[PDB]
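This report refers to the structure that appears directly beneath it.
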Amino acid sequence: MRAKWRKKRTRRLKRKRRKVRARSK
Amino acid sequence: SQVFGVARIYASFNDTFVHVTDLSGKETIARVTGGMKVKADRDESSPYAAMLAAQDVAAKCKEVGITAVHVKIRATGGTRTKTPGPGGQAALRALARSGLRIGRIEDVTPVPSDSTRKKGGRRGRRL
Amino acid sequence: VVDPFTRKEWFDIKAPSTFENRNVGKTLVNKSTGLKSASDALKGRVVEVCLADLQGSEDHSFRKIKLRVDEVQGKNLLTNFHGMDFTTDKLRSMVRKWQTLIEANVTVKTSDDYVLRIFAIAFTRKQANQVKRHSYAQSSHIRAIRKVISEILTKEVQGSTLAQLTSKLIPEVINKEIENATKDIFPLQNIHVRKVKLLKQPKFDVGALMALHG
Amino acid sequence: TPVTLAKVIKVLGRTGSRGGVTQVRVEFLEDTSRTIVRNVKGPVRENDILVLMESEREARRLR
Amino acid sequence: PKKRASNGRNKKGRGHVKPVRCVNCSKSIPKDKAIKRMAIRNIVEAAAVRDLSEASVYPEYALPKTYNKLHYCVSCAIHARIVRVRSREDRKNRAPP
RNA sequence: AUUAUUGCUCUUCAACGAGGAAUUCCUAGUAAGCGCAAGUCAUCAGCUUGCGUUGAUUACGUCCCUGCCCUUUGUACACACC
RNA sequence: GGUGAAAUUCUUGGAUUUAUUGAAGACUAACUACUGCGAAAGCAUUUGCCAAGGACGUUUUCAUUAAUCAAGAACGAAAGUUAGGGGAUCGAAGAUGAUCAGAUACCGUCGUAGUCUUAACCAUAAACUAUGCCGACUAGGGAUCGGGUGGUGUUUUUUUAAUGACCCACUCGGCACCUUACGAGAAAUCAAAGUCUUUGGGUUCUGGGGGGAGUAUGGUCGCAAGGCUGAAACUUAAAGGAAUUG
Ligand SMILES: [Mg+2]
Ligand SMILES: [Mg+2]
Ligand SMILES: [Mg+2]
Ligand SMILES: [Mg+2]
Ligand SMILES: [Mg+2]
Ligand SMILES: [Mg+2]
Ligand SMILES: [Mg+2]
Ligand SMILES: [Mg+2]
Ligand SMILES: [Mg+2]
Ligand SMILES: [Mg+2]
Ligand SMILES: [Mg+2]
Ligand SMILES: [Mg+2]
Ligand SMILES: [Mg+2]
Ligand SMILES: [Mg+2]
Ligand SMILES: [Mg+2]
Ligand SMILES: [Mg+2]
Ligand SMILES: [Mg+2]
Ligand SMILES: [Mg+2]
Ligand SMILES: [Mg+2]
Ligand SMILES: [Zn+2]
């Protein structure tokens with residue numbers, strides 16, 4: 001995929017594991 | 001020799017405007033546009049249309065009181081195309097060639113010390 | 001079932017004094033009926049005519065002029081100064097590449113207390129025998145020319161109204177006193193006042209207005 | 001009706017996107033010393049005689 | 001790789017020029033890259049010049065053309081106006097015609 | 001020889017009154033009109049391959065349409081845009 | 001009106017056009033360039049003020065006071081975030097008219113945030129010349145920008161000058177182009193990307209096959225968005241560059 005949309009793909013991906021981890025801080 | 005008025009021809013694309021007024025501007029005299037003398041939208045600016053309306057305009061121009069007239073030809077202007085539309089020429093032609101007089105004409109196209117963002121964004125109209 | 005022309009009042013436009021033809025053109029109004037009269041309603045229109053169309057000669061093709069309509073009398077309405085423009089073509093020609101442009105302006109009052117703002121434009125000229133293909137002033141030059149130009153204008157105004165100023169501008173006296181002082185600084189070509197707009201009239205004073213008429 | 005006779009004095013080429021049309025310079029015989037270039041329809045060589053139905057008006061390019 | 005020393009177009013000693021807008025498609029483009037032409041043409045045109053003077057006052061009048069500077073956007077410049085595409089060499093040639 | 005190989009005679013006497021959008025072929029003994037021989041063939045030419053007979057009109061050009069070649073240029077394709 | 005063509009839209013409320021005025025916020029056209037300045041980002045209306053700077057001139061002054069730099073720090077396009085203002089314009093989002101097999105788009109309309117500004121954040125861009133700084137050496141040419149010097153040069157008239165603009169030769173220091181190429185390179189190309197197996201002037205930083213992945217993790221900065229620092233397991237024989245012919 002376009003390089004920059006892959007950057008965005010994972011940006012989200014990190015923010016979700018950011019979310020999910022917080023659940024058990 | 002004559003009785004004078006102002007012509008003022010707005011020629012953009014998709015339509016052409018012709019309408020004479022008193023040299024003071026405040027008071028009209030007969031208009032008609034290119035969109036009037038045909039019906040097709042597509043053909044709303046064409047020279048052939050502009051002719052027929054340069055005709056209809058010259059008619060009442062002489063049929064009321066203006067024997068002669070100065071023109072101020074004009075394009076869209078502002079932050080748009082600035083270049084004359086197609087049926088500006090045909091209109092001027094078909095009014096001098098009608099039987100009305102011509103005198104000292106200038107372009108009144110609004111040119112700005114540029115600004116106010118042009119329409120259609122940084123990447124432009126793409127198609 | 002109307003056709004406003006089989007009703008429209010009619011009229012001819014008379015110019016003021018310091019030019020050629022006081023006769024100018026024609027207009028249309030509306031019959032002076034009780035409630036809404038041809039008089040007080042409009043009249044106060046304005047008319048733009050190239051002075052070459054009003055001075056006869058053609059060494060004045062540019063320079064448009066704004067005449068304002070103040071008073072009326074029985075199918076004869078006089079007019080006074082309201083401004084001065086340039087033809088769009090002239091400039092657009094005047095402003096060639098490869099050379100410096102210089103503009104400058106000022107606000108100021110006159111005798112008969114009209115307030116106005118006049119402009120001035122000049123371009124640098126190549127000087128006969130010049131090799132380098134452009135000729136540019138040195139910014140320090142441009143600050144100076146503007147200053148000089150400015151000093152000159154602030155004098156040429158407040159001489160007897162626009163009345164004398166009108167009389168002043170028409171033979172472009174200003175253009176050459178500019179040219180005069182200038183040439184000590186830098187070459188330059190064209191050099192005109194280009195525009196001048198009106199932004200504060202005094203009062204009617206029906207007497208003083210009547211001074212350009214006879 | 002004013003009929004105007006002109007003699008072809010050179011053949012300049014074909015115009016018209018199609019190309020059926022030819023550009024040619026003529027010399028009118030009723031008082032020469034003046035020339036105008038016209039556009040033909042049929043085949044033409046030098047020294048031919050065209051009936052200029054209207055004496056003064058000329059074209060150039062054709063699409 | 002690189003296929004122009006001017007890179008885009010005409011920019012050495014700066015870093016930021018300033019954008020203008022395409023006359024054809026309104027696309028912004030760095031003025032120094034712009035690709036420009038002066039549209040000086042007569043107000044009338046071809047045939048109109050006779051029928052002009054004929055039905056006018058004044059002796060022959062004067063005639064005052066129009067002048068406006070055109071900015072195109074490469075894509076727009078290429079799609080019609082000045083462009084063609086030149087050979088790997090003719091490219092280099094800055095001379096106008 | 002019926003679903004009628006072909007040929008002959010009598011009778012029966014249809015549609016078709018120059019053909020919409022479209023589209024084919026062609027530049028001189030050519031086009032078109034016209035018949036013949038040969039192939040096939042026991043029998044069957046409304047086909048074909050050649051043949052001669054009569055014999056024009058209109059270009060002697062162009063890049064508008066369509067087709068294709070050539071440069072130039074882009075390519076991350078080379079099993080090569082299927 | 002708008003488009004390839006349309007339609008959504010606006011029109012007794014006289015639309016669109018015209019005229020005269022007025023307001024609001026943005027912007028700086030044309031002049032504008034192979035031209036300027038800045039550490040970089042970036043910087044084009046005028047005028048005043050405020051401090052700043054390079055180049056140049058210099059038989060002034062000081063005298064090694066310097067070169068480059070982990071840590072640390074100043075600034076830092078655009079969007080973005082906090083709180084006021086401002087909100088003309090254009091316009092992420094949204095809603096639409098068309099187009100499409102579909103059409104969450106391209107084209108058209110409405111238009112929220114934004115776009116501007118103050119106070120504060122954020123610290124990233126193909127932030128590019130994809131090319132560290134200081135010093136030396138090696139080759140030709142014409143333009144131009146600033147400074148200077150030389151002249152019984154041109155033009156300015158007045159009474160000669162004085163000026164200013166111009167011209168011609170040189171000389172520093174600029175932004176660049178040209179031709180060569182002794183030389184360098186895988187090449188394209190390069191007055192540096194040269195003076196390198198005949199390998200060393202000084203110094204900083206980064207890379208060591210491809211993917212995994214700028215991912216996980218810890219630390220830290222941030223209101224946030226995110227920034228900096230930043231692995232491994234596992235997989236894999238190529239990924240890649242420049243040039244050639246198709
Ligand atoms: Mg919980
Ligand atoms: Mg396109
Ligand atoms: Mg490429
Ligand atoms: Mg940059
Ligand atoms: Mg047979
Ligand atoms: Mg067969
Ligand atoms: Mg190739
Ligand atoms: Mg400006
Ligand atoms: Mg550091
Ligand atoms: Mg530490
Ligand atoms: Mg807004
Ligand atoms: Mg949407
Ligand atoms: Mg839909
Ligand atoms: Mg959507
Ligand atoms: Mg980075
Ligand atoms: Mg770059
Ligand atoms: Mg050199
Ligand atoms: Mg000297
Ligand atoms: Mg390659
Ligand atoms: Zn464009």
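Quick note on naming: the chains in the structure tokens go A, B, ... in the order shown, residues restart at 1 in each chain, and ligands are numbered from 1 in order of appearance.
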
Collect all residues with atoms no farther than 12 Å from ligand 15, counting only C-alpha atoms (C1' of nucleotides) and all ligand atoms, and output them as a PyMOL selection string.
chain G and resi 123-128+214+227-228

May I have the residues from that selection written out with N, CA, C and O atoms (P, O5', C5', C4', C3', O3' and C1' of nucleotides), as a PDB file, in the first residue's frame?
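See result-v4.pdb below for the written result:
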ATOM      1  P     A G 123       6.586  17.250  20.524  1.00  0.00           P
ATOM      2  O5'   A G 123       7.234  17.808  19.184  1.00  0.00           O
ATOM      3  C5'   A G 123       6.939  17.236  17.922  1.00  0.00           C
ATOM      4  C4'   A G 123       7.809  17.819  16.837  1.00  0.00           C
ATOM      5  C3'   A G 123       9.306  17.652  17.022  1.00  0.00           C
ATOM      6  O3'   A G 123       9.853  17.580  15.725  1.00  0.00           O
ATOM      7  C1'   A G 123       8.815  19.938  16.861  1.00  0.00           C
ATOM      8  P     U G 124      11.168  16.723  15.437  1.00  0.00           P
ATOM      9  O5'   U G 124      10.794  15.907  14.115  1.00  0.00           O
ATOM     10  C5'   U G 124       9.747  14.960  14.103  1.00  0.00           C
ATOM     11  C4'   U G 124       8.614  15.396  13.216  1.00  0.00           C
ATOM     12  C3'   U G 124       8.878  15.466  11.728  1.00  0.00           C
ATOM     13  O3'   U G 124       8.833  14.171  11.179  1.00  0.00           O
ATOM     14  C1'   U G 124       7.440  17.236  12.458  1.00  0.00           C
ATOM     15  P     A G 125       9.525  13.781   9.784  1.00  0.00           P
ATOM     16  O5'   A G 125       8.862  14.770   8.734  1.00  0.00           O
ATOM     17  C5'   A G 125       9.687  15.449   7.799  1.00  0.00           C
ATOM     18  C4'   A G 125       8.923  15.908   6.588  1.00  0.00           C
ATOM     19  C3'   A G 125       9.774  16.469   5.460  1.00  0.00           C
ATOM     20  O3'   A G 125      10.311  15.458   4.613  1.00  0.00           O
ATOM     21  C1'   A G 125       7.997  17.943   5.938  1.00  0.00           C
ATOM     22  P     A G 126      11.680  14.709   5.000  1.00  0.00           P
ATOM     23  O5'   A G 126      12.478  14.641   3.651  1.00  0.00           O
ATOM     24  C5'   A G 126      11.902  14.045   2.511  1.00  0.00           C
ATOM     25  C4'   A G 126      11.927  14.997   1.360  1.00  0.00           C
ATOM     26  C3'   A G 126      10.867  16.090   1.398  1.00  0.00           C
ATOM     27  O3'   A G 126      11.434  17.299   0.907  1.00  0.00           O
ATOM     28  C1'   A G 126      10.689  14.880  -0.607  1.00  0.00           C
ATOM     29  P     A G 127      10.821  18.709   1.359  1.00  0.00           P
ATOM     30  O5'   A G 127      10.990  18.695   2.931  1.00  0.00           O
ATOM     31  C5'   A G 127      12.275  18.646   3.513  1.00  0.00           C
ATOM     32  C4'   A G 127      12.547  19.927   4.241  1.00  0.00           C
ATOM     33  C3'   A G 127      13.915  20.086   4.876  1.00  0.00           C
ATOM     34  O3'   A G 127      14.943  20.432   3.958  1.00  0.00           O
ATOM     35  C1'   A G 127      12.291  20.660   6.443  1.00  0.00           C
ATOM     36  P     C G 128      16.296  19.582   3.952  1.00  0.00           P
ATOM     37  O5'   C G 128      16.614  19.392   2.419  1.00  0.00           O
ATOM     38  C5'   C G 128      17.316  20.376   1.690  1.00  0.00           C
ATOM     39  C4'   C G 128      17.125  20.175   0.218  1.00  0.00           C
ATOM     40  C3'   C G 128      15.790  20.669  -0.321  1.00  0.00           C
ATOM     41  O3'   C G 128      15.969  21.142  -1.650  1.00  0.00           O
ATOM     42  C1'   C G 128      16.005  18.372  -0.764  1.00  0.00           C
ATOM     43  P     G G 214       7.756   0.043   8.888  1.00  0.00           P
ATOM     44  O5'   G G 214       8.649   1.306   9.278  1.00  0.00           O
ATOM     45  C5'   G G 214       8.298   2.183  10.348  1.00  0.00           C
ATOM     46  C4'   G G 214       8.678   1.664  11.719  1.00  0.00           C
ATOM     47  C3'   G G 214       8.163   2.522  12.887  1.00  0.00           C
ATOM     48  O3'   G G 214       7.900   1.675  14.012  1.00  0.00           O
ATOM     49  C1'   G G 214      10.463   2.305  13.078  1.00  0.00           C
ATOM     50  P     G G 227       5.136  10.046  16.014  1.00  0.00           P
ATOM     51  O5'   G G 227       6.266  10.945  16.672  1.00  0.00           O
ATOM     52  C5'   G G 227       6.584  12.215  16.120  1.00  0.00           C
ATOM     53  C4'   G G 227       7.540  13.007  16.982  1.00  0.00           C
ATOM     54  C3'   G G 227       8.884  12.361  17.310  1.00  0.00           C
ATOM     55  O3'   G G 227       9.826  12.401  16.243  1.00  0.00           O
ATOM     56  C1'   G G 227       7.960  13.272  19.271  1.00  0.00           C
ATOM     57  P     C G 228      10.829  11.169  16.019  1.00  0.00           P
ATOM     58  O5'   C G 228      11.681  11.191  17.347  1.00  0.00           O
ATOM     59  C5'   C G 228      12.679  12.181  17.474  1.00  0.00           C
ATOM     60  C4'   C G 228      13.473  11.987  18.719  1.00  0.00           C
ATOM     61  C3'   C G 228      14.182  10.663  18.826  1.00  0.00           C
ATOM     62  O3'   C G 228      15.387  10.648  18.104  1.00  0.00           O
ATOM     63  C1'   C G 228      13.060  11.118  20.840  1.00  0.00           C
TER      64        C G 228
END

Which of region 57-201 of chain C fall in strand (DSSP E or B), as a ChimeraX atom specification
/C:64-72,77-85,101-109,115-123,189-192,196-200

Using C-alpha atoms, can you export the residues from the last selection as a short mmCIF file (atom, residue, chain, number, x, y, z; two decimals), in the first residue's frame?
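Below you can see part_19.cif, which holds the result:
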data_model
loop_
_atom_site.label_atom_id
_atom_site.label_comp_id
_atom_site.auth_asym_id
_atom_site.auth_seq_id
_atom_site.Cartn_x
_atom_site.Cartn_y
_atom_site.Cartn_z
CA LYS C 64 -10.57 58.86 -18.25
CA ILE C 65 -12.58 61.45 -16.29
CA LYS C 66 -15.46 61.21 -13.79
CA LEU C 67 -18.04 64.01 -13.99
CA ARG C 68 -20.68 64.21 -11.24
CA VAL C 69 -24.12 65.76 -11.67
CA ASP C 70 -24.95 68.35 -9.00
CA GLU C 71 -27.60 70.84 -10.22
CA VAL C 72 -30.39 70.88 -12.82
CA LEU C 77 -27.88 69.76 -16.11
CA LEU C 78 -24.31 70.80 -15.28
CA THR C 79 -21.50 68.70 -13.87
CA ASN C 80 -18.32 68.99 -11.74
CA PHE C 81 -15.14 66.96 -11.08
CA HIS C 82 -15.41 63.54 -9.45
CA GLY C 83 -12.19 61.80 -10.44
CA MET C 84 -9.74 60.64 -13.08
CA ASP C 85 -8.67 57.19 -14.26
CA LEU C 101 8.22 50.11 -11.61
CA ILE C 102 7.71 52.89 -9.02
CA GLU C 103 4.43 54.10 -7.48
CA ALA C 104 3.56 56.57 -4.72
CA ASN C 105 0.65 58.59 -3.32
CA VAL C 106 -0.73 61.06 -0.80
CA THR C 107 -3.94 62.47 0.69
CA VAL C 108 -4.55 66.24 0.77
CA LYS C 109 -7.07 69.16 0.86
CA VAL C 115 -10.19 66.30 -0.20
CA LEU C 116 -8.49 63.92 -2.57
CA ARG C 117 -5.81 61.29 -3.12
CA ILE C 118 -3.64 61.39 -6.21
CA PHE C 119 -1.27 58.71 -7.47
CA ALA C 120 1.87 58.67 -9.57
CA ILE C 121 3.66 56.03 -11.57
CA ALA C 122 7.07 55.87 -13.22
CA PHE C 123 9.33 53.16 -14.65
CA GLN C 189 10.27 56.90 -18.47
CA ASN C 190 6.51 57.55 -18.75
CA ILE C 191 5.84 59.27 -15.40
CA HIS C 192 2.15 60.25 -14.93
CA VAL C 196 -6.91 60.57 -8.45
CA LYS C 197 -10.04 59.88 -6.42
CA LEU C 198 -12.42 62.10 -4.48
CA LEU C 199 -13.35 61.19 -0.95
CA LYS C 200 -14.46 64.40 0.80
#

Which value, in Å to one decimal, gives the distance between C1' of residue 1 (chain G) and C1' of residue 16 (chain G)?
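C1' of residue 16 (chain G) lies 8.2 Å from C1' of residue 1 (chain G).
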
For chain C, work out the contacting residues on chain G at 10 Å, counting only C-alpha atoms (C1' of nucleotides), and write them as a ChimeraX atom specification.
/G:19-20,30-33,45-47,143-144,154-156,163-167

Give the residues close to ligand 8, within 8 Å, counting only C-alpha atoms (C1' of nucleotides) and all ligand atoms; write them as a ChimeraX atom specification.
/B:113 /G:28-29,44-45

Write the residues of the selection above to a file with C-alpha atoms (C1' of nucleotides), as a PDB file, in the first residue's frame.
ATOM      1  CA  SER B 113      -3.984  43.238  -6.378  1.00  0.00           C
TER       2      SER B 113
ATOM      3  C1'   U G  28      -0.061  42.018  -1.919  1.00  0.00           C
ATOM      4  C1'   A G  29      -1.270  40.914  -8.534  1.00  0.00           C
ATOM      5  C1'   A G  44       7.775  41.180  -2.262  1.00  0.00           C
ATOM      6  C1'   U G  45       2.381  48.015  -0.877  1.00  0.00           C
TER       7        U G  45
END
